[PDB]
J.: 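So that we are looking at the same thing, I have put the structure below in structure tokens.
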Amino acid sequence: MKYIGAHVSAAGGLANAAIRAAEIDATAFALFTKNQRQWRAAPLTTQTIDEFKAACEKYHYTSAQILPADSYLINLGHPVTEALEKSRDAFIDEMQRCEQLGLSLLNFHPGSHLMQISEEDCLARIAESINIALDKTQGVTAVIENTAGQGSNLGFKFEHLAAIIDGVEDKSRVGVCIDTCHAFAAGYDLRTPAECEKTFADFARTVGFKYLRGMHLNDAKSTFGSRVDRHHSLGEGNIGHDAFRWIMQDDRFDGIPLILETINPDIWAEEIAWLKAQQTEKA
DNA sequence: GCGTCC
DNA sequence: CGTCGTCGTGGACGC
DNA sequence: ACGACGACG
Ligand SMILES: [Zn+2]
Ligand SMILES: [Zn+2]
Ligand SMILES: [Zn+2]
């Protein structure tokens, strides 16, 4: 089985994310549990928690089908002591909110060295940031997303993801999410079935499918190897529809949230219907 | 400085 | 009753 | 982008 959805808006309350996901016939969803551009939010209450849990129950969304994401502000490998501590406190709060909402996964980007520290030192800071959050919370897996590798951002090579995992004590609560736009912008080709196969064969050797906890299904406005993070609607960008058909027909992507972060929410329901249809169409 | 990032 | 214009919030990054 | 708020007339 495959679970397919989009990163829906949580405007007006978290329960609305489950309602919006049901409106596009999604079998999975992603959301921010608090505002993506702010350091802190009001603590979750019994009401908000119950309303969210009741809507997920009503629309058949178990924790295995939901992939929350953290804010844009957090930098888990920050080279500055004070900014690293602030990012770690916010990340702990993000994980605690997940635990309270009955969620079991949390998607986040590794972090950036800001040209101040080496890539090894940055990756080690990231692994320790994960260790601190896993030591403070329970039942939530830290899902590291790969990146396009803009600026000083890390996570653009599968080796970066494997190096962070190696530094994580509790391997049962660390995982990865592969974003197709990010992989393509980073130089992992997906334009042909042969390319997709090669990209995922390298992923299996370097990281391993035992850690894959989710996917982000995005076409790319940016070009191959551009190191530019610019998504596009499926079939409208530089990757094309073929890679998405290929993913849908490959059983290694079963049982995990497959999330659209495409730029045109007006067509999310068509993207979901097309993705579902690929499981019973020709290769 | 604005838009994207998700 | 709504919905425009605008601001606060505040982080890196492409362009 | 989300929530908030003044001003509509
Ligand atoms: Zn993504
Ligand atoms: Zn992206
Ligand atoms: Zn299958």
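Reminder, nothing fancy here: chain letters follow the sequence lines and each chain counts from 1. No hydrogens, no waters, no symmetry mates; every other heavy atom, side chains included, goes into these values.
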J.: Atom CZ of A:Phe32 and atom P of D:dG3: how far apart are they, to the nearest Å?
T.: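 In whole Å, D:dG3 P and A:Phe32 CZ are 13 Å from each other.
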J.: Could you state the atom-to-atom distance from CZ of A:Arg37 to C1' of C:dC13 in whole Å?
T.: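 Going from A:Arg37 (CZ) to C:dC13 (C1'), I get 13 Å.
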J.: Any carboxylate oxygen within less than 4.0 angstrom of a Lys/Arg side-chain nitrogen, looking at A:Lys53 and A:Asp50?
T.: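 Salt bridge between A:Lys53 and A:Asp50, a charged N being under 4.0 Å from a carboxylate O: no.
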J.: Would you confirm whether the ring centroid of A:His109 sits within less than 6.0 angstrom of the ring centroid of A:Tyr72?
T.: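 For A:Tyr72 and A:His109, the ring centres are not under 6.0 Å apart.
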J.: Looking at A:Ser9, does any N or O in its side chain come under 4.0 Å of the phosphate oxygens OP1/OP2 on D:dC2?
T.: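 Answer is yes, contact under 4.0 Å.
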J.: Donor-acceptor pair, A:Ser118 side chain versus A:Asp121 backbone, under 3.5 Å?
T.: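 Yes, A:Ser118 side chain to A:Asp121 backbone: donor-acceptor pair under 3.5 Å.
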J.: Taking the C1' atom of each, how far is D:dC5 from C:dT9, in whole Å?
T.: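 Looking at atom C1' only, D:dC5 and C:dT9 are 15 Å apart.
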J.: When rounded to the nearest Å, what value does the distance between P atoms of C:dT6 and B:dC2 take?
T.: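 Each nucleotide's P atom is 12 Å from the other's.
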J.: With a 3.5 Å cut-off and no angle check, do the side chains of A:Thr62 and A:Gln65 form a donor-acceptor pair?
T.: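 Side-chain D/A pair, A:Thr62 to A:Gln65: present.
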J.: Donor-acceptor check, side chain of A:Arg252 to backbone of A:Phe209, threshold 3.5 angstrom: yes or no?
T.: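 Such a contact is absent between A:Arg252 side chain and A:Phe209 backbone.
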J.: Tell me what A:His231 touches on the nucleic acid: a base, only sugar-phosphate, or nothing, going by heavy atoms under 4.0 Å.
T.: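 Base, at least one base atom sits under 4.0 Å.
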J.: When you compare D:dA1 with B:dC6, how far apart are their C1' atoms, in angstrom units rounded to a whole number?
T.: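 One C1' to the other, the span is 10 Å.
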J.: Considering every strand shown, what is the Watson-Crick or G-U wobble mate of D:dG9 when both distances are under 3.5 Å?
T.: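 Paired with D:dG9, as far as the under-3.5 Å criterion goes, is no nucleotide at all.
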J.: With no hydrogens and no angle check, do the side chains of A:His232 and A:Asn218 hold a donor and an acceptor under 3.5 Å apart?
T.: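 Per modelled atom types, A:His232 and A:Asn218 side chains form no pair under 3.5 Å.
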J.: Is the terminal nitrogen or CZ of A:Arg227 (NZ for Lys, CZ for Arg) located under 6.0 angstrom from the six-membered ring centre of A:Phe156 and within 45° of that ring's axis?
T.: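 Yes.
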J.: Round to the nearest Å and state the distance from A:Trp39 atom CH2 to D:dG3 atom P.
T.: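 Interatomic distance, CH2 of A:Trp39 to P of D:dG3: 20 Å.
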J.: Looking at A:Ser152, does any N or O in its side chain come under 4.0 Å of the phosphate oxygens OP1/OP2 on C:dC13?
T.: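 So the side-chain polar atoms of A:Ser152 do come within 4.0 Å of the phosphate oxygens OP1 or OP2 of C:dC13, strictly under.
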J.: Tell which nucleotide pairs with C:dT9, taking only Watson-Crick or G-U wobble pairs whose two distances are both under 3.5 angstrom.
T.: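 Here C:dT9 is not engaged in any pair, so there is no nucleotide opposite it.
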J.: To the nearest angstrom, how far is A:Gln38 atom CD from C:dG11 atom P?
T.: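 After rounding, the gap between these two atoms is 11 Å.
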J.: Any strand counts, and the cut-off is 3.5 Å on both contacts for Watson-Crick or G-U wobble. Which nucleotide pairs with B:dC6?
T.: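 No nucleotide pairs with B:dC6.
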J.: Specify the separation, in whole Å, of atom CG of A:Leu76 and atom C1' of C:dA12.
T.: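 Distance, rounded to whole Å: 14 Å.
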J.: Measure from CG on A:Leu154 to P on C:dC13 and round the result to the nearest Å.
T.: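 It is 10 Å, rounded to the nearest whole Å.
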J.: Let me know the distance between CD of A:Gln36 and P of D:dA1, rounded to the nearest Å.
T.: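 Distance, rounded to whole Å: 9 Å.
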J.: Using the P atom on both, measure B:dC5 against C:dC7 and round to a whole Å.
T.: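 Between the two P atoms, the distance is 25 Å.
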J.: Would you mind checking if A:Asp242 and A:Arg245 are paired as a salt bridge, meaning a charged N to carboxylate O distance below 4.0 Å?
T.: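 Yes, A:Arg245 and A:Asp242 are salt-bridged.
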J.: Using atom P in both nucleotides, what's the gap between C:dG5 and B:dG3 to the nearest angstrom?
T.: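 Comparing P positions in C:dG5 and B:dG3 gives a spacing of 14 Å.
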J.: Using a heavy-atom cut-off of 4.0 Å to chain A, what are the terminal contacting nucleotides of DNA chain B, in 5' to 3' order?
T.: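 That gives a stretch of B:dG3 to B:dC6.
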J.: So what does A:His182 touch, heavy atoms closer than 4.0 Å: a base, only the sugar-phosphate, or nothing?
T.: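 It contacts sugar-phosphate atoms only.
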J.: With a 3.5 Å cut-off and just heavy-atom distances, do the side chain of A:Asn35 and the base of D:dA1 make a donor-acceptor pair?
T.: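 Per atom types, the contact qualifies.
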J.: Which whole-number value in Å describes the distance from A:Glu82 CD to C:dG11 P?
T.: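 Going from A:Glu82 (CD) to C:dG11 (P), I get 14 Å.
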